[PDB]
Amino acid sequence: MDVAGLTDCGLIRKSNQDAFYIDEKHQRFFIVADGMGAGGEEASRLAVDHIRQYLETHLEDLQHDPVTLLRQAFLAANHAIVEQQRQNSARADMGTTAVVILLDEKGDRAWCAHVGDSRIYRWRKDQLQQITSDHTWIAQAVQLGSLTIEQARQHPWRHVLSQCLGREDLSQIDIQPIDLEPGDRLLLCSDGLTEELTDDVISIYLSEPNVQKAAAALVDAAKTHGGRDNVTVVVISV
Ligand SMILES: [Ca+2]
Ligand SMILES: [Ca+2]
Ligand SMILES: [Ca+2]
Ligand SMILES: [Ca+2]
């Protein structure tokens, strides 16, 4: 199992409010976060650090129930952000997305958890499947529907989140298992990737067996197409 990760300002933004973490020691979990609000940079850093620390501490005890483990990790992160909101008034609106992959000990089942509009994709025998459903008002519209015209981007938002970490009224944390097969790739990415690259283009770059090149190619391609935002990817080869 190989894994690569990469973040980039893009072409327009002056700072990077994304963050990510790869468990390089044991390759059990992987995190991407897309902050908003300077920062923004603080929210996404808090999310990544607290989810990581929570998982590091509680993985041995709770890996049998990863839904509880991941929910408690996200809430740990959420409160750490709110507590830094409750305190600091300038950074009172700060927030972030998060997407997390937690692998089971065996390595053939990946628990996918997210809040926001960063994505987890799985790639398998040239088929790219988006796993997570965007917490945006526009996505959940189409996902009923109607407004099924897509069509969806661009509207006013488009960019507006229906869920993010850093809100006291955080109820929805989406967690779902996916089964893994040798040869799969997992992609975690901020919307800076998917706002520039169609799913067809992404699938092309995830066909590259060398995950370092794949990740580098994905970021390079997102800048070529415009790079209007921070862009972060973690590419896992199963
Ligand atoms: Ca952002
Ligand atoms: Ca967006
Ligand atoms: Ca973004
Ligand atoms: Ca473009």
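Residues numbered from 1 in each chain as written, not as in the entry; some residues may be left out. Chains lettered and ligands numbered in written order. Heavy atoms only, no water. Residues with missing side-chain atoms left out of burial classes, pairs and counts.

Judging from the entry metadata, X-ray crystallography is the method by which this structure was determined, and 1.9500 Å is the reported resolution.

(A) Summary view of the packing of aromatic side chains. Sitting over the face of the ring of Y21, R52 holds its NZ or CZ atom 5.5 Å from the ring centroid. Against the face of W123 rests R185, its NZ or CZ located 5.6 Å from the ring centre. (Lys NZ or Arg CZ within 6 Å of the ring centre and 35° of its normal.)

(B) A look at the UniProt feature "binding site: Ca(2+) 2" (unreviewed entry) in the protein. Per the UniProt record, "binding site: Ca(2+) 2" (unreviewed entry) is found at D34, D191 and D229. Relative to the elements of secondary structure, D191 occurs in helix α4 (residues 191-194). What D191 contacts, discounting residues up to four positions off in sequence, is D34, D117 and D229. With residues near it in sequence (within four places) discarded, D229 still touches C9, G10, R13, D191 and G192. (UniProt positions renumbered as here; feature names shortened; annotations may be inferred. Helix = DSSP H or I, 4+ residues; strand = E, 2+ residues; numbered from the N terminus. Contact = heavy atoms within 4.5 Å.)

(C) Representation of the packing of helix α5 (residues 199-206) against helix α6 (residues 211-224) within the structure. One can describe the packing of α5 onto α6 by two numbers: an axis separation of 8 Å at closest approach and a directional angle of 150°. Looking at the two axes, α5 sits roughly antiparallel to α6. Where α5 crosses over α6, the handedness of that crossing is right-handed. Along its contact with α5, which presents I202, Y205 and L206, the element α6 presents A214, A217, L218 and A221. (Axes fitted to C-alpha atoms, helices over the stretch in contact; angles between N-to-C directions. Parallel < 35°, antiparallel > 145°, perpendicular 65-115°, else oblique. Left-handed = near helix turned anticlockwise from the far one by under 90°.)

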